[PDB]
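Below is one structure; the comments refer to it alone.
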Amino acid sequence: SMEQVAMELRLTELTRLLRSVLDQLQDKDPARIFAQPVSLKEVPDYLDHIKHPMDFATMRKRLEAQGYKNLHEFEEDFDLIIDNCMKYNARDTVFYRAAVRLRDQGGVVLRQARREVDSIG
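Going by our numbering, the sequence shown opens with residue -9, and the numbers climb by one from there.
As structure tokens, this is what we get:
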């Protein structure tokens, strides 16, 4: 149907905007602490601690399959990155501190993304 095509064009354009959001959030992680999944070879107990692991590469795979239907879904995954790190790692660690700085900096980006998603519809 033509309606299905129009809905698909909306999804594609959301995907465009989320890709730009993702790039901007990932620049706030210059150490690449959140770039890849936590390695279960190197942290064998990880899944005993963290039930829904997340990282920027995993988000990018979902994004490129157009697997985010709305900004809320994308933000859920971003918050998992931060929240998982702040639980597994102690306050005095470079990992925890990195997550705090990512959350703080990403807030700015996400704030305007929400306005854009609503504005462009």
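For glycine and all other residues, C-beta sits at the position ideal for the given N, C-alpha and C.
- Residue state for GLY96 is assigned as helix, using DSSP reduced to three classes.
- Within the same chain, and ignoring the five residues on either side of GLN56 in sequence, the residues whose Cβ sits closer than 6 Å to its Cβ are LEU1, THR5.
- For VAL11, the closest alpha carbon among the candidates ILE110, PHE68, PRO27 is that of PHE68.
- Excluding the 5 residues flanking it on each side, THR48 has same chain C-beta neighbours closer than 8 Å at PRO27, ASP67, in chain order.
- Residues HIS39, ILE40 of the same chain have their beta carbon placed closer than 8 Å to that of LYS77, with the five preceding and five following residues left out of the count.
- Where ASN74 is concerned, the enclosing alpha helix (DSSP H) starts and stops at 61 to 78.
- Annotated as proximal: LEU15 and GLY96, with beta-carbon spacing under 8 Å.
- The beta carbon of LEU61 sits closer than 7 Å to the beta carbons of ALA103, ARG104, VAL107 from its chain, once the five residues preceding and following it are set aside; these are given in chain order.
- Each residue's CA atom was taken as its position, placing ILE110 and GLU32 some 44 Å apart.
- When the alpha-carbon of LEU100 is set against those of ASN79, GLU63, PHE85, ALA(-4), the nearest one is in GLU63.
- Under the DSSP assignment, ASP17 falls in the alpha helix (DSSP H) whose first and last residues are -8 to 17.
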